[PDB]
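Below is one structure. I have some questions about it.
By written order: A, B, C, D and E. Residues from 1 in each chain.
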Amino acid sequence: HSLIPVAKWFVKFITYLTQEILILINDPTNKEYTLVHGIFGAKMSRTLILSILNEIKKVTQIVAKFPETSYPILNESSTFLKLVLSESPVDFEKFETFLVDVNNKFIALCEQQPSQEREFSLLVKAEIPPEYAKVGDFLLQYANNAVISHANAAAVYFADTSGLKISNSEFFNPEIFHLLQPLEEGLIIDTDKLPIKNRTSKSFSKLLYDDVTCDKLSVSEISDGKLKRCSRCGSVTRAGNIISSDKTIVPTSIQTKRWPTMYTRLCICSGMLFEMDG
Amino acid sequence: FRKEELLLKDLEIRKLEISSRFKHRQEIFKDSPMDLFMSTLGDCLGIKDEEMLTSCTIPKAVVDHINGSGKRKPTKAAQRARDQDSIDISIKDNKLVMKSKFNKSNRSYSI
Amino acid sequence: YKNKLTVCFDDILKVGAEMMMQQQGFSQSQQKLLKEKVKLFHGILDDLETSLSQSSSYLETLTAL
Amino acid sequence: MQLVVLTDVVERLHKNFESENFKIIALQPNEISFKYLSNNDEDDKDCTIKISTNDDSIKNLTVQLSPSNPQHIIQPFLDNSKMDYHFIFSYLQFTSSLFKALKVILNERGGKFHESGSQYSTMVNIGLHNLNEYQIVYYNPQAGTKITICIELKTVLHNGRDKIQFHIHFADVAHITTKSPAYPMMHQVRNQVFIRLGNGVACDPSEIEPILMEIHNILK
Amino acid sequence: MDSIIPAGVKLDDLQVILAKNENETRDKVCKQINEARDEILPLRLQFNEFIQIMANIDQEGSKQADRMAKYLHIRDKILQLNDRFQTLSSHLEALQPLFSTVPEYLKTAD
C-alpha cells in the first residue's frame, strides 16, 4: 500500500520529459530547455529505468501468479498496482522501447568516432558538443514518431506535472531565494541578519510535499513536529517515524515500522537529517 | 485477534449485501432512472427506506408474490430461493424494507 | 430532436450510473464520457436554436412573399 | 461615498487596464461610460458599468456592452454569474484582441451589398458554452457541412508556473476523413498550421489577432 | 392546444388561409418563437448551475439534515427540468404543423 504514493511521482516524472519532447520540436534553438538532452544521454539511467520496468513486470507477474486469497478485502492494494500501470496516460511498453533504441544508437556512434568527453557531456554537462551538432538533430526527429504516436498528444501537453520539486526555486521560499550579502562580506551568513519572518527553519522551505515516499503532507503531520529537514539540499521528510492511522490500509492503533526507517539519520543526498524545530 | 477478523468479515458481508442490493435495485426500478438515482444516492447517504419518498407507484402483484400471504401460497422453490439470497426483501405499502442481519445498530453508509 | 433531448438527460444519469456504481477515486474514462456528454448536450442545444432561427426567418420571408 | 468608490474603481482599472485605448467618455453617478477598445466613434461607450452604491461600497457592478461592441454576446453570462469585478476586468483585457478579431470576422460577412453576386453559402455565427470558452461554427445549409472552431481557456505548465492560453483547435469530433466534400479546406488548414502539437494551437493573446487572421486568410 | 393549422392540408391552401384574418396566427407564432428563444438561454444557465452544484457536493456539508434539504432541492430541480421538457415538447408540437410545410416546399423546389 505504501508504494502507491511513490508510484504517483514515478508516473508524474516520465510525463515531464515526454512533455518537453513536444515543446522542443517547435523551437530547437531554445537553450533554456537543454536539460532534456542530458537525461536521455545518461547511459545507466536508460538501463536503470529498464531494470525498474523489468522488476515492475516481475512484481506484477508474481502478484498475478501469487495473489492474495485468504482476505479479498486486502486485494485492493494489489489490484490498484495493476490499475495505475494500465491507466497511465502513456504506455510503459512503448516508453520502454524508447530508451532501448537510444542506447543502441549511442553505442554505434562511439565506434564511428572515439571520444570520451561525450560520456561526461551526456551525464553531467547535459549538453551535446558543437562538433556533434548532427547528433542533436536526431533526438528531435526520432522521438516524435516513436512513442507519441501511441499516446494522447493533447492530454500530455496540458497535463498537470507541476510540483515535481525538481528545481531549487520551488524548494526554498521566494522571500530568501536570492543573494543576501555582497561577496566581499563572505558566503556564510549569521542568523541575526535574516528577516524576522525568515529566522526559523520552518519558513526556509516549502512544507507541502514529502520527499521519500512522495506523498502529500497533511496538517496533522505538519504540526506534530515529528518531521525532519536535510541540512544540505533543504529537503523535508517525515521518514523514520510511525505513520498515522489514516495513512494505513485500515485505521488502527497497531504500530508498524515502515521502510522510511532506513533514512532516520541519513538523507537522500547523504546529508544529515535533524528534528525540525517548532 | 478477533477484532480484525470480525471487521473483515463485516466488510465482506457488506460488499456482498451491496452486490445483491444493486442487482435487485436495477431490476425493481428499471423504469424510473430518477427513482434509481435518488434511491442509490440516499442509501449512499445512509437514509432508511421508510423516510425517503417515491414519485412513482409500484404494482401490487410483485408485493403479493414476494410475501405470498395472499390467496396464492408462496412456492417452496421460491422459499428456497429467498433462503439462499443474502437479503430479506419485502415491500410494505409501496415501500420496501432493508435491515442488516448481523449488525442491528445504525450502520452509517455515508462516505 | 425530441428524442435527443430526452435521451441526453437520461444518458447523463446513465453515464453517472456506473460512476456511482463504483462509489456504491474516479475513472478517467467515465470523466471524459461525462465531459463529452455535457459538451454534446450544449452543442445540440445550440444546433436546435440555430434551426429554430432559420425556420423562423423562412417563416417571415414566405409570409411576406 | 459614491465618489470615493468610483475613484477606487478607476484606480483599480488603471492598475488593470494599462492600454493606449483606455479612456473615459461620460461620467455619471449611476453609470460608467468608458472606452477601452479601438472603436472610432467618440460618444459610443464600448463598456457600460452601472453603479449601484450602498452605505459603504457598490452593491453590484453590472457590466453592460454596446450592441455595436462585439462583446455583447457574453452579457447574460456576466449578468447571471457573481464573479469578482477584478477578474471580469482581467478577462476583458485578456480577450479584447480576440473580440476585435472576431469583430473583423463578423463584419466581413456583415458588409452591405457590394454589387457582387457572391452569395456565399457559409455564414459565421458565435456558439457559446460558458465563460471559459467561445466557439465559432460555420453554417453551410447548401453544402450541408459544418466548420467548428473552439477556443477554450486551458492551463499549461510553463517553467514551473501555470499559464492560461487560448486553445484554438478543431474538436475531437472533427476526425474528418478524406471522403468529405468540404474536407479540402480543413485539410489545407491542418497542413498549413498543425505552438502546434498536431491538433491544438495555444497562442499568446498579444499574438492571437495576427495568427487568427492567418487562419482567416485561408477562410477569406 | 388549439390546432390553428389543420393536419394534412397542402402548402398552397395554408398560404391562402394565412393571407387573410389580419395575421392573428402570425402574432401567435411570433410570440411562441420569441418565448422559445427567451427560454433557450435560462435552460442552459440553470443546467450549468446544476452541474456546479453536482461538482461542489463535497463542500458546505456538515449536518445530515443539510443533505436532506440539498437533495430534496436537487430532486425538485430535475422535477422542473422534466416539466420544462414537457412544456418545450408542447411548444414544438404546436409549431409542428407549421414546420410540416418546410419539407414539402423543399422537396417541391428540388
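Here is the rule we use: contacts are C-beta pairs under 8 Å (C-beta built on N, C-alpha and C of every residue); 3 or more make two chains touch, one makes a residue touch a chain.
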More contacts between chains, C-D or C-E: C-E
Whole-Å separation of chain centres (CA-atom averages), subunit B against subunit C: 34
Distance from the mean Cα position of subunit D to that of subunit A, given in whole angstrom: 40
Computed distance of Cα centres, subunit B from subunit A, in Å: 48
Averaged-CA centre spacing for the pair subunit E and subunit A, given as whole angstrom: 55
Touching two or more other chains - residue numbers and ranges from subunit B: 34, 41
Where subunit D touches two or more other chains, by residue: none
Numbers and ranges of subunit A residues touching at least 2 other chains: none
Which chain pairs touch, all of them: A-B, A-D, B-C, B-E, C-D, C-E, D-E
Parts of subunit C lying in touch with subunit E, wherever the complex brings them together: 1-2, 5-6, 9, 38, 41-42, 45, 48-49, 52-53, 55-56, 58-59, 62-63
Of subunit D, residues touching subunit C in the complex: 125, 127-129, 137, 139, 141, 172
Residue numbers on subunit A that touch subunit B, as the complex places them: 71-73, 250, 252
Interface residues, subunit D side, partner subunit E - complex: 76, 80, 130
Residues on subunit C engaged by subunit B in the complex (per definition of touch): 10, 13-14, 16-17, 20-21, 23-24
